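What follows is a pair of forms of the same protein chain, given separately as structure tokens and numbered structure 1 and structure 2.
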Structure 1
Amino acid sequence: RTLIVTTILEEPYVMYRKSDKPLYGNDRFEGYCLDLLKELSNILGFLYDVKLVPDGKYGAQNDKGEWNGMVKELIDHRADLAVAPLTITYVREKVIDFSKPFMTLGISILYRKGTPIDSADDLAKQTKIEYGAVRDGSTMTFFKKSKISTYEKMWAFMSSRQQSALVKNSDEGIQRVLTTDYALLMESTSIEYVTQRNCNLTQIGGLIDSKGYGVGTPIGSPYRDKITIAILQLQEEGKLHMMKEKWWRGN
């Protein structure tokens, strides 16, 4: 069985290689997730074929309980594995299985260096410095659903200054940080990626929530536990660390 692997274009996890060389199949891609998949394929001994998810989505549910994205590919048995920056969540675990996480992360703060600011509590109580998140993204939703008083304050501040504090995407938010007095709340993984490439920018404080990216499989898949095993081996042998450094390290 050649395993069909669903994934999604997302830098630096999955990208088309910058080459016009005759590269076919899996060879057309590169990135953290491609390196992970090679390691998994060597530990477990499976052949695989990478297929980008046709609708370009991660996976969310509608009211009929209909799914889309990589999640739907697994539900329909069109893919055997999903290897992507795909968050392990309660709702998704209802319909697919996940390996244990190959990467842990959480919401954090992107801001300029040299400022007395040290946490979200420092941002919350003031207003001279604007702070927000990408509109309708995982980070905005966390704040909106939060019942922790300090994040409740941060939300009301975002949603009131709605038109200005909530950016359209990460690019815009990053632009806003460099060009004005603004702090972007985003996934720690993304922040590390930007800070490595922008010496004017830095991460503020620690992690605001916690979640992991895991390899998705259909419910009952005999590969899920094997992939957890392989992930633990890679972590313990320092290979996940080097794979992250390979793709994250900047100039």
Structure 2
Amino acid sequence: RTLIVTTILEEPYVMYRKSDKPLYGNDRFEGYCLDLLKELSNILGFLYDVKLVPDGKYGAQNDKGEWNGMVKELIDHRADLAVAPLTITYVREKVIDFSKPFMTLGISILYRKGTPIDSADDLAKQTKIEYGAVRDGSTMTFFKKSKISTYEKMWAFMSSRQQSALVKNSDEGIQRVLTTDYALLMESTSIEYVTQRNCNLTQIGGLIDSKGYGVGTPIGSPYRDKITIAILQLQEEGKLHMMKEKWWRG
């Protein structure tokens, strides 16, 4: 049976291929995650149909605890795998089975060059420079759930005035950083991609809360452990490193 892979458009993981003519099926897409999927299917021998998550979301809980996005798709068995920069988190791992990470990342700060800000703490102890994160993304949730002093203070700022310091998506955050006095709390992998292409922007400080992106499977999936094993093979052979270098270099 051909597997249903849910994913989401996000540079440079999954992008629309630019063509003079209309594209169909998997040929519509290219990106790190498409190369990953190909390396996975070569090792495991599955066929797949890539399909964008219909609600265009990653996966979060609302007030009622109800799930959405690729996570919900997996829970409801509407997809076999989720292949995307889907962050491994406590709340998600409880409702789906993640493979081990294929890429490691951390929360860091995307900001413009030439500033004296050097850490999260610099941001936390002031009010002039605005900062926030993508709403409902795992970065925001980290700050919302943290009981660490500095991060609680940052969450209080972020959630102030009806969450106006938050953005709907990464692209919006990037424009906000470029245009106004704003620092975006963003995953380090995305920061690298952006700073390779926006030479007035830089990462500020190191990584906090190191984690990874994993392939998502519904709980009980026979594919989970096999994809984990394929990932480790790709990692030990140096192919994951090469795959990142391909999409990230500017």
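Counting starts at 1 with the first residue of structure 1 and goes up one by one along its sequence. C-alpha atoms forming the largest set that superposes within 1.5 Å between two forms make up the rigid core.
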{"property": "Two-part rigid split between the two structures: residue 102, residue 140 together", "result": "no"}
{"property": "Hinge rotation between the two structures - smaller rigid part turning relative to the larger, in degrees", "result": "19"}
{"property": "Between the two structures, C-alpha offset at residue 35 (rigid core aligned, Å)", "result": "0.3"}
{"property": "Rigid-core-fitted C-alpha displacement of residue 93 between the two structures (angstrom)", "result": "1.1"}
{"property": "Displacement in Å of the C-alpha of residue 24 between the two structures, rigid core kept as reference", "result": "2.0"}
